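J.: Starting off with a structure, shown below.
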Amino acid sequence: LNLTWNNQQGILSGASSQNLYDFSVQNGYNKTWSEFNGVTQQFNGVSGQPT
Amino acid sequence: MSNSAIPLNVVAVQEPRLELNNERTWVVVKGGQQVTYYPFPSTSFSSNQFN
């Protein structure tokens with residue numbers, strides 16, 4: 001997320017995808033970063049299906 | 001100088017290769033901070049208009 005405020009532009013454009021999460025949890029976001037990412041894998045056990 | 005007809009006024013000028021003195025003043029160039037460029041994509045473009 002790269003946003004523009006009050007005439008100068010380009011704020012946060014260098015921040016980590018995850019960094020956005022840290023300065024917001026600062027505000028009480030309350031959901032784990034795993035779910036904020038957010039995506040999940042779940043591999044199967046049995047031949048020989050996809051995950 | 002005052003040789004001809006109506007007399008004139010004298011002045012002398014130094015050639016370019018040498019002054020070597022004159023009053024040399026350091027000049028700090030200043031213009032307001034934050035020069036920024038925006039790309040305003042036209043609202044209501046058409047085939048016979050642009051706005």
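Ordered as shown in the structure tokens, chains take letters A, B, and onward, while each chain numbers its residues from 1 and ligands are numbered from 1 in the order shown.
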Could you list, as a ChimeraX atom specification, every residue of chain A that has an atom within 12 Å of an atom of chain B, counting only C-alpha atoms?

T.: /A:4-10

J.: Excluding region 35-37 of chain A and its own-chain neighbours fewer than 5 positions away, which residues fall within 9 Å of it when counting only C-alpha atoms? Please give them as a list in words.

T.: residues 17, 18 and 21 of chain A

J.: Go ahead and write the selection's residues with N, CA, C and O atoms as a compact mmCIF listing (two decimals), in the first residue's frame.

T.:
# COMPACT_ATOMS: atom_id res chain seq x y z
N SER A 17 5.11 -5.76 3.17
CA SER A 17 3.74 -6.24 3.10
C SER A 17 3.22 -6.57 4.50
O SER A 17 2.04 -6.36 4.82
N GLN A 18 4.14 -7.07 5.31
CA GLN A 18 3.86 -7.47 6.68
C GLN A 18 4.00 -6.28 7.62
O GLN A 18 3.40 -6.26 8.69
N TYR A 21 1.04 -4.60 8.84
CA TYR A 21 0.38 -5.32 9.91
C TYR A 21 0.88 -4.89 11.27
O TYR A 21 0.14 -4.91 12.24

J.: So that I can see what lies close to residue 51 (chain A), please list as a PDB file with N, CA and C atoms, in the first residue's frame the residues with an atom at most 9 Å from it, counting only C-alpha atoms and leaving out residues fewer than 5 positions away in the same chain.

T.:
ATOM      1  N   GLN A  41      -1.961 -23.185   3.343  1.00  0.00           N
ATOM      2  CA  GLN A  41      -1.805 -24.441   2.656  1.00  0.00           C
ATOM      3  C   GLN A  41      -2.232 -25.532   3.618  1.00  0.00           C
ATOM      4  N   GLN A  42      -2.687 -26.658   3.073  1.00  0.00           N
ATOM      5  CA  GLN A  42      -2.987 -27.842   3.879  1.00  0.00           C
ATOM      6  C   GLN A  42      -2.747 -29.107   3.071  1.00  0.00           C
ATOM      7  N   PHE A  43      -1.552 -29.681   3.210  1.00  0.00           N
ATOM      8  CA  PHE A  43      -1.181 -30.846   2.402  1.00  0.00           C
ATOM      9  C   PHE A  43      -1.928 -32.093   2.810  1.00  0.00           C
ATOM     10  N   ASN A  44      -2.243 -32.917   1.815  1.00  0.00           N
ATOM     11  CA  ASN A  44      -2.958 -34.165   2.047  1.00  0.00           C
ATOM     12  C   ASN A  44      -1.994 -35.335   2.213  1.00  0.00           C
ATOM     13  N   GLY A  45      -2.495 -36.408   2.827  1.00  0.00           N
ATOM     14  CA  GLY A  45      -1.759 -37.657   3.007  1.00  0.00           C
ATOM     15  C   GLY A  45      -2.564 -38.825   2.466  1.00  0.00           C
TER      16      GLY A  45
END

J.: From a DSSP calculation on the backbone, collect every residue of chain A in alpha helix (DSSP H) and output the set as a PyMOL selection string.

T.: chain A and resi 19-25+33-36
